[PDB]
Structure formats: C-alpha cells, structure tokens
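**Q** how would this look folded up:
(3 chains, ligands or ions: 1)
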Amino acid sequence: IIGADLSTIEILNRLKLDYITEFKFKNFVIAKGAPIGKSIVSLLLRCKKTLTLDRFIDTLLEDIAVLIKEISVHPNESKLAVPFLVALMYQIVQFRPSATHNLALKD
Amino acid sequence: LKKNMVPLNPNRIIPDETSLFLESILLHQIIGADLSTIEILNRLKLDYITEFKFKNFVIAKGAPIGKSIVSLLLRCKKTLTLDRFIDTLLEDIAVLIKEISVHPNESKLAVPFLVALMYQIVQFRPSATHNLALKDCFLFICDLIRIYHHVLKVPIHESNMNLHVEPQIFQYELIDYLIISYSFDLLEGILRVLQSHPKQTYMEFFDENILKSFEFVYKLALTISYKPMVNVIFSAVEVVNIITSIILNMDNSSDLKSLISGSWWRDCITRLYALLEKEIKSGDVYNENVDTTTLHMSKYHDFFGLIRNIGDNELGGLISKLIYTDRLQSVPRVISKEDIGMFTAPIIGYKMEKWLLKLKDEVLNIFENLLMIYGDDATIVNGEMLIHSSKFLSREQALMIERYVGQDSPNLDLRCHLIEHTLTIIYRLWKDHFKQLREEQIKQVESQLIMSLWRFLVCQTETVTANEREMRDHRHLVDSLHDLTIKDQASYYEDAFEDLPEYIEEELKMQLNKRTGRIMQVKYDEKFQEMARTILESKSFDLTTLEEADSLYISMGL
Amino acid sequence: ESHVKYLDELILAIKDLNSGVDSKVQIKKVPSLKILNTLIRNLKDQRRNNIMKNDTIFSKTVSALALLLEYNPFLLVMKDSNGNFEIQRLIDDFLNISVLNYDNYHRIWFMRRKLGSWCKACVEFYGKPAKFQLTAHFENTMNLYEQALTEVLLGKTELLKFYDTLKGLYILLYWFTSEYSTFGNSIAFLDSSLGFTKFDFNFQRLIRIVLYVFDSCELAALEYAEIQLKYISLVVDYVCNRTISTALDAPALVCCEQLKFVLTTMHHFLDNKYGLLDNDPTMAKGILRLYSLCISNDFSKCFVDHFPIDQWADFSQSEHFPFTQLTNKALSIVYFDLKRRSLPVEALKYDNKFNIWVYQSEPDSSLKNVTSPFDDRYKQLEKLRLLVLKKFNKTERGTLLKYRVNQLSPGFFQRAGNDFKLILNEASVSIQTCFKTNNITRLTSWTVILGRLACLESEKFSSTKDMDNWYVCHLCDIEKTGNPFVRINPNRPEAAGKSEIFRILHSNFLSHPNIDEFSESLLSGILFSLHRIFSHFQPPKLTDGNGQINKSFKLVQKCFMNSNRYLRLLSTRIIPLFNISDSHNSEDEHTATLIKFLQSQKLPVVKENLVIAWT
Ligand SMILES: [Zn+2]
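**A** Numbering: from 1, shown residues only, chains lettered A, B, ... in the order given. Sharing the structure here:
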C-alpha cells in the first residue's frame, strides 16, 4: 500500500495475535505467537498447488474473512492485522475480475 | 483420409517452470525442522555486516534475511527465465554465504540454511542449471570448506588435563557441522546434476582449479590424523565415483585424464585403501572408540543431510531448536550438548551398518571403475589392488564364517555381497590386468589370495543343501529377517506377488535357497566358483606348485 | 500341453552337455556351439499368439533359456559380427516379449529378474569390452524411445506406434526401477550404490517428458488409460523398492527428493483426470503404498505437503471423491488416517467392532468406504488398508522372537505373555510331548526359539527387562571390535545349575538316543542354540573322570569331524566357549582337554576349521 515501507505480507510477517490462542478455520492454523503472514503465505503456497484460480480466490476470501471476523469480535485483542487483511482481500478481489465468482462477491 | 493420428490438446497448459521453482524454494524444508528454510531465514538477521549489497540484493542491518531472499525471488521471477534465475540465485546466495563466512565477529547461523537452499536451487531442474554456474558453485563450495578448515581437523585424543569444565555448548558446533555436511552434500549434488548434462559439455565444468580444489577437500574429508566425520566421507567418495563414472562415459575422455596428474590418484587411492580396511561392527558404531579402524558415525553429528538419510536424525530437533522462532536474532539459541543421549533399539546400529557396508561397496565399485579407465598400466592400477582387496576378501570371509552366521542381522547378505563383489575386483585384475601384477607384490598376499579363493572352491563339494526340505530349516536359522522382508514385500509392495501362479514362487524357492546358501558360506554361486577356479588353477602365475595344489584339493575331497 | 515334454527334454539336453564331471561353467569360447541352434530355437518359440498365454509353457520356456545362458556365459558375448556382441541382439529381442506381456505383472517381473542375472552375474566375466557395449545399448534404445516420444507433439505420428512406444518406454523404465540386486554394476548408469544413481535424474527427466506428452495430447481411449496407469505404477515401484526394508517396521526411504517427485507426479496425474478406468486397483495401490511409507515417520510432512488431499473432499455425495470407486476408497482411507492423527486423543474413541480408533463420524455417514469392509479380491489392497487403519492402535509392537513364537504356537499372547516362567513351560510341553517323529522342521524352529529365549533368560541378574522390548541380543547379535571373547563373562552363571533352558535342551535333544541321525539342519539348529546358551552361561564340566564326555561336547566331537563343512565350521564356534569358565577352568584343565582334542584330527577335510579352532 502506497506510503508504507514494507509489503502487506511483510507487515503480516511482523504481526501475531496473542489473545486468540489457536486460530483455525479450514486447515488455516495460526499458532499463538506465530507470525500471521506466515500462515497467509502457507495457505497461499498450499492452495496454489491444489486449487485453480476461481476456487483459489474464494478460498482466500472466506479464510481471510474468518480471520478478520474473529480478530474483530474480541474484547481484548488489538485489531492491527485487520486493515492489512482488508487491503489484501481487496487485492484478491480485483486481480482478475472475470475469475471472481459472484457468490464469493456476495459473501 | 488417415483418421488415425493422436489429436493434440488445443489448450496445453505448459506449466510455468519458474513458478514451480519459486514454490519449491518457498516450501523447502529440511527433515526434522519445524519451520521451512525460508521461514527460518525470516527469523535471522545479520548485525555486524551493517549493509549487505551485491547486485540489487540489499539486506539492511536489522532486517530479516529471508525477507531479502523472497524479495530477490519475486523480483527475479518476473524478469529472468529459469536458466538465468538459477545462476542469479546461485551467485547472490553465494556472495551472501561468502561475506557471512569471512568475518571475525559474526555468527554463521544463516550459512547452513543458505547452503541447503542453494542445493534446492541446483537440483530442481538439472537440465536447466547451466554448467558454468555449476563450476562457479563448485569452486565456491570447495573454498567455503577451506574457510571452515577446523571442523574436519579436531585431533584424535585430547590432553589428560583437558578439563571438561566449560559451558558444554553445542549450537556453534551444530552450525559448523551443518555447514560442512551440507557443503559436501552440495558438492555431490553439483557433480550429479553435472553428470546429467549431455556428454559433450563436461569440459565447460572441468579445469585445473576444479581438481586442485577437490584434491584439497578430499584430503580434508578422508582424514588420517584427525577425527573422521563420516557424513563427509560418504559424499567425498561419491564425488570420486561421479568423476570415474563420467571419465568412463564421456567421449573426449583424454582431457579429463590429461588434466588429472598421477599424484591426484595416488593420493586418492591410498585414502580409499585406508577406508576399505576399517571395521564395521554394530555394537560400536555409535560408540567413540579407537581411531581410524572403526567407521563409527559420531553422536555429535547425527542428522540426515541433503541427499541421503544416514542416521536416525537425532539432531534434527535441534536444528529447529537452534532459533527462537518468535524473534529476529543473530546469535544461536542455546543448545545444551549433554542433554542428547537417553536403551531402546540396536536396530539403528543395524541400519547404520547397512549404510557403511554400502560405503565399502562404493569404494570397491570405484576401484572397479578405475580398473576400466586405466586398462593399460599406470602408477595406480599397480598390484596393490591385490593386496588391499585380498586382505579385505579374506577377512570378510573369515569373520563371516566365524561370527555372523546365525546372528539374525539384516546386514549379512550385503556383507556377503561385498566379498562376492570384490572377488570380481580380484578376477578382472587377474585376467585382464596381469601385466602389472608384480611378482613381489603377489607373494605379499599369497596366504590371503589362495585362502580366499579356496573358500569359494570349497563350495563345489556341496553335501549340505542338495534338496529343499532342510534348506528352509536352515533359513529359519540364518535368514528369518528376509522371510519377514519378502512377506512384507509380497503382501504390500510388489505387484507380481499376488495370485502367485506356481511358477513365480517356484522361482522364490530357487532364489531364497541360493540366497541362504550364499549367506551360510557353503554353496556360493557357480559363476564365482569359476572365477575363483580360473585364478588359482590357471597358469598365468604359479601361486601353487602341483604338489601344493592337491594339498588344498584334499581338504575338500578330490 | 503338447510341448511341455519337449521343453522337459530340452532342459535335459542342455544339462547333458555339462562336462565329464559335475563342475562346468565354460566361460571361454570352446574350439561345440551347436546349442546356439537351440538358442535361436528358444526365443523364436516365444513370440507367438497361440499357447504363450499358458503359464507353464512360457515359464519353462524362458527358464530353459536362463539355464542355457547361466551355464554358458560365452553365448552372450559371442560377437555376432555385425558390429557388436549378441547381447545387444538379446536385449531388443527380449524387449518384444515383455512389451507383448505389458499387462501381466508376473510375466515381466520374471523376465527382468533373469535379464538381471544375464548381465549382472554373467558379464562380470568380461568387464570393459562388454560392459560398455550394453550400457551404451540401453542408452541408445532409450534415446530412441524418448526421441520418438517427442514427435507426437507435432501430431504427424501414428496411433499404434504411439501405443507401443509408450509401452516400450514403460518396459525400459521398468527394468531399471528394480532394486539394486537385479541389475548390479552391469549397467553404467545404475552404477552407484547408496541409493542414488545416474538413472535417477534421467528417470525424473523422462517421466516429466511423458507427463508433458500426456498434457500435450488429448485422447479418451480406454486401453490408453490402461497403459497410462502403468506409469504411475512404475513411479510407485521406483520409490517403493529403494527402501532399506528393516525387520517388520515401515521400509524406510533413502532419498526424500524421490518421494517428493513421485507424490508430485501422481498428484499431477490425478489433477488432469488422467488414467480413470473401471475396477482398476493401480492408483489405489500407489496411494496406499506411499501413505504406508509415510504413516508416522519423518516423511509424513513430506506426504501431506506434496500429495495434498483435502481439496477433493466433497462430503455431501455418495460419489465421495471424484475419481473411481477404488481410488476414491483408498483416498478416503488416507484422508481418514490423516484426519485421525490430526485430531487429539480425546476427540476419538475406540470402535470395539472393527478394532480401529475413529472420530465422531459426520452429519452424513462418510464412514462406509473406509471400513465397508474392504473390496473385491485384490489381495494386497485390503491388507494395505488393514495396516493403514490398524497402525494407530499402539499395541504390543512387533518383535522378532514374539513373531517366531506367534508363527509357531499361534495366538500365544492373549494371556499374561510377558511373564517369563510360563513360556518356558509352554516350550517344555511342546518340546517333550507333541512330536512323535513328524517335526523335523518344527523342532528346528523350537531350537531357534530355545536359542533366543536362552539369551532372554540371561538378562535377569544381568530385573527390569521384558519379553516385548527384546529385539536382539546385546552380546550374541550385535558385535563390537577387538577380541570377541573378552565380552563373554568368565564368572557368568553355570548352564545346568541356573539356566532352565539348558535343562530343557539336555532333556530333549542331547539325551535323545538318536543324535547321529536327527538331520543336518536340526544339528545346526541345536548347535546355534547351544552356542547362545554357552555364550550366556558357563558350560558344564567336560569330564569327571569316568570317561564321560558330557553329551554336548560329544556333539562337538560328532559335528567337528562331520562330512559337511557347515556343521564343522559351526561346531568350531563353541570350542572357544568351553575354554572360558571359572570353577571349571580356573586351573586350566578344560584348556588342556580342548588341546588334546585338537591334537587328534589327522583327517584331511577337517583342516579348515581346526585351524580356526586352534586360533
Ligand atoms: Zn543371546
């Protein structure tokens, strides 16, 4: 994002979430003290092999959405990961607009 | 008209090979480590080099190193095709390994993972790695090993007043053991991807500096006066195998041979002779014992390495516990040295014997190769392949007959394959290279040559097997482990071993029978009886007189 | 049926040109080569369509040719002077029968093992002039098949030529993907030991070339899918037999990169929906075998990263995974085992019906095909599936002597078992009673058990050890450097006084009134067991004074001068055990007894082990 020193994934390599002790939605495990962007890039590498593009997109959308969701609805946890995950989600959406199926857009 | 042809694919997805290579770098992980290699390098900084830069490969002072690797990878995926992406990565990671290495104050923790990453870069597509990159990478890894000069130069025995009051720390020793072992493994990997290139282009790799640098590092690995690291001995002799194997399989073989002096081989082969006469005993592999006589695989370097899985990888958890994994640091995480070691299984000793017996098979295999290179006589095919190989054959028949029959170890067959192989290393030396078998050298081993041939010709009596009923009773006694092996192969892993039609297990009750004969040391194969017969009985040299020979034949029958 | 007697007379005709005596190899060109007319007669009686489909008159047909070429290694290198030796003529002719027998895994394994014998164990007689004329011949006939594989990209190729090109490349890659014992150093790209050769990168190049061809073409012929399954069969055979194959555990791998290659190759094979065919076990066998190599070892992460399975799941359908009922079933079992070892212990319960641990099933069923019970008669599949489902149980782990008592007295450890006094009495009642004369094999198994139990008796007062975690002996099985008789204890317990298994051994075997005819194998077994006893216990006194050689040293007299060399060199291994004691040998009289025994063999065939028995 324009004006930032690091890349968005490289900011998420510097973020942990220390109140959610174990995040997991669908083999998207984050540990307690682990870097979050470690888990994003693990999901990305794992789902490049498997999924084609229209499924790789909505897999990323629902997984990063669930992560934004339970970071958001929490009383004690800081929400610093959320702007960069929303910017990352925007980069996921607009990359190939023909490839993003519109039920993913609805959700 | 001709509606036969196979129709093409109109939407062929030729996969982007540099994307696959990017992904294989990003999820490269060495066996036993928790994090990936790039994900370990995200946790490493270098805080004495204040600014690293070679060719737009800037690392800051406190930045993660793997940040800069993945920045280089993403930046050079767009631009370079695969054969340039490879050598860009090779020279950039080489310059980073170089100036982390030649520095007085800086910790070298990044270096094992950068060497393992470099190995992953080399072997990914062996056709894509151009061999000038291989030449530069080979020279870099050889003088990288001469930088880490002291790892393969610890003395045999220490002072009596070498007090072991010391913090007893293993993390720096673990790092430079990983550096040396991954470096030798990378030398093997360079030469086997160079072995896969087309056979007209080996001279783009080899010059004077290649062979001088490997001569230094080969004298360094197969040591004489220092404590052996067995990890580098495997790779250092497999390099010599690749060298002899491509001298055999190139067309312009003279340029390698004219590039190699006689002193290179006669310093190589004496260390191979000193390696072939070492002992392989299960009960004291992993022991620390008397020097240079037992191949022993030290406790303090027991991990896998980049090609082959050599121990039980007891130091694989400590590679992951060498960093704090929630922190960006330069010095290592403290590993206590005497916490390891805790007694359950000597099966580990059996499989380490399996590797060491394959190592001796490797040594006498490259003997078998360089008989065929130097078919004419030289300094090196010079009759001491009667002395050392017949000493080896005689002792590994002797303590096979005295010690190993009925000891229910898996390693008996391979140990009686070695003798069955080294007879041929005698035999083609006898039949096809007699012009250099000097008369003074044959009588140095006239005991052991004749006795070793006699233990093959004793099997022509064969009043032991002669049937099927008691041979399977013998293989309950000596070879039950291979019954377990063939039943596990038959019920799980072999396509031919189901619905066995009473011609495929009547080959099994031929070959288990000849296997247990060859293990029981009576009834070897008839071909090896003939090869041992046509050395002693043949009149190329009078080993025995006619009244001394029948004194040997009466001790069978005859 | 018509020419089984013809081949049975032809093997006698081959063995009839042996020699004047029983020793015959004839490695040199004899100055009478008439049997090459039989050689031409052999392979020309093999490429035909009528009765080669019968098993026996093909197996004997090729066994006759192997017995011809075994006892005549000059026929291979006889230099049919076009430009080369005739083994180049033998290879490409031998390829045609194997490509005509592409589907039957018996008829190509059996051909390639003897093709291994014809170059490994037969062109060690020639070396340099005749190693490099067949290791170049395989490179040329492999260059030809990988060259002709690339002119199907330009589309002007044929179709049956495409078919037999794929099958011939399959057979050439099938020969070289055996274990190292098949092709030794006979071929210069299979040369290296340590599990990593020049053929490995070449094979990984050619399989990527044939996958590139499979991507480049487009065809839905059924038997093209049939020959397309054989490349993943070949790639699972490439990795399943470079394994070290320990005792009863998983056969551990040597190179993680080959596993990564095979998993990526068959995952690329499943992604493009290549090789789907009805009731064909091949891909299911590959998935189950490769998961069996990666159950809980160091390669489980290497399995789950390079063969990703959790993206074909689709729980909501009875067609549970996409591919085929066998492949979907095997992949469902692999998915079940991965999901089981993912979940914690408390999240899973024991079935008490199928004896497998299992998690809470589904809102749907989704647990049928994992335990349906298993499929049609594909005999390896259901045992692969039993191993995958039952390796989680963490029961009494498999042990060698526990195997050989469960192989002998079946179903023994349904009781206390690990208590030590009861197995001695079970062996005693089976060693005193249940034989009349029939067990000339079972008694040898009983005496190898009495050998191994003798060590396990010695490990108390060596009071912590147990029956289950006793893999091998620390003294009789593993061995160390130096003098091997420093390890055995002088003041170890005496055999008759404390070791009740020597009481068993003397009660049945050494006091039986027909020792000079047991059998040779039962003598060797009782000598092994007595070696283990006298290495773990002090042997009894060899003489009190009343003549009296004590029924075990008498067996050393009986076997030390015996006709076969095996009993001689095996009975010489216990002559040193008599020489090591105290309160029997403290003032050196057993030594003098063994000396005046070894000074009394003036017989010529005993000269070998005597020199051993002195030393
Ligand atoms: Zn024992």
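**Q** which residue packs closest to residue 92, ignoring adjacent ones?
**A** No chain specified, so I'll use chain A. Distances taken as CB to CB, 6 or more residues apart in numbering or on different chains place residue A:60 nearest to residue A:92, at 5.1 Å, with adjacent residues excluded. Using the backbone N, CA and C atoms, a C-beta is placed for each residue, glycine as well.
**Q** you answered for a different chain; I wanted chain C.
**A** Distances taken as CB to CB, 6+ apart place residue C:141 nearest to residue C:92, at 6.2 Å, with adjacent residues excluded.
**Q** name the SS class of the one you found, please.
**A** Three-state call for residue C:141 (DSSP: H, G, I helix; E, B strand; the rest coil): helix.
**Q** if I look at the most centrally placed residue in chain A, how far off is chain C?
**A** Nearest residue to the geometric centre of chain A (CA atoms, centre = their mean): residue A:64, 3.3 Å. As defined by CB to the nearest CB, to the nearest Å, residue A:64 lies at a distance of 17 Å from chain C.
**Q** which helix or strand lies directly C-terminal to the helix or strand where that residue lies?
**A** Using DSSP states H and E, residue A:64 falls within helix A:53-72. Under the assignment DSSP H and E, the closest C-terminal helix or strand after helix A:53-72 is helix A:81-93.
**Q** in chain C, which residue sits nearest chain A?
**A** Nearest to chain A in chain C, going by CB to the nearest CB, is residue C:311, at a distance of 3.9 Å.
**Q** burial of that residue, as a residue count?
**A** Neighbourhood size, residue C:311 [other CB atoms under 10 Å in any protein chain shown]: 14.
**Q** surely it touches residue A:56?
**A** No. In this structure, residue C:311 is not within contact of residue A:56 by CB atoms under 8 Å, at 10.1 Å.
**Q** quick check on the residue of chain A found nearest chain C: phi, psi?
**A** With CB to the nearest CB, the shortest gap between chain A and chain C falls at residue A:50, namely 3.9 Å. Main-chain torsions, residue A:50, degrees, to the nearest 10: phi -90, psi -60.
**Q** surely it meets residue C:313?
**A** No. Taking CB under 8 Å as the definition, residue A:50 is not a contact partner of residue C:313, at 10.9 Å.
**Q** list the residues that contact the residue nearest to the centre of chain A.
**A** A:40, A:85, A:88, A:89, A:92 (CB atoms under 8 Å, 6 or more residues apart in numbering or on different chains).
**Q** shared neighbours of residue C:311 and residue A:56, anything?
**A** Common contacts of residue C:311 and residue A:56, defined by CB under 8 Å, 6+ apart, comprise residue A:47.
**Q** quick one, phi psi at residue C:94?
**A** For residue C:94, the backbone dihedrals are phi -70, psi -20 (criterion: degrees, to the nearest 10).
**Q** need the contact list for it.
**A** By CB under 8 Å, 6+ apart, the contact set of residue C:94 is C:43, C:111, C:115.
**Q** one more: residue C:146?
**A** Counting by CB under 8 Å, 6+ apart, residue C:146 touches C:169, C:206, C:209.
**Q** just the ones in helices from those residues, please.
**A** Members of those lying in helices (criterion: DSSP state H): C:169, C:206, C:209.
**Q** now the buried members of those.
**A** Among those, those classed as buried by 16 or more other CB atoms under 10 Å in any protein chain shown are C:169, C:206.
**Q** so can I have JSON lines of the ones in helices among the contacts of residue C:146 showing distance to residue A:102?
**A** Below are the ones in helices among the contacts of residue C:146 laid out as JSON lines (distance: CB to CB, whole Å):
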{"residue": "C:169", "distance to residue A:102": "47"}
{"residue": "C:206", "distance to residue A:102": "44"}
{"residue": "C:209", "distance to residue A:102": "41"}
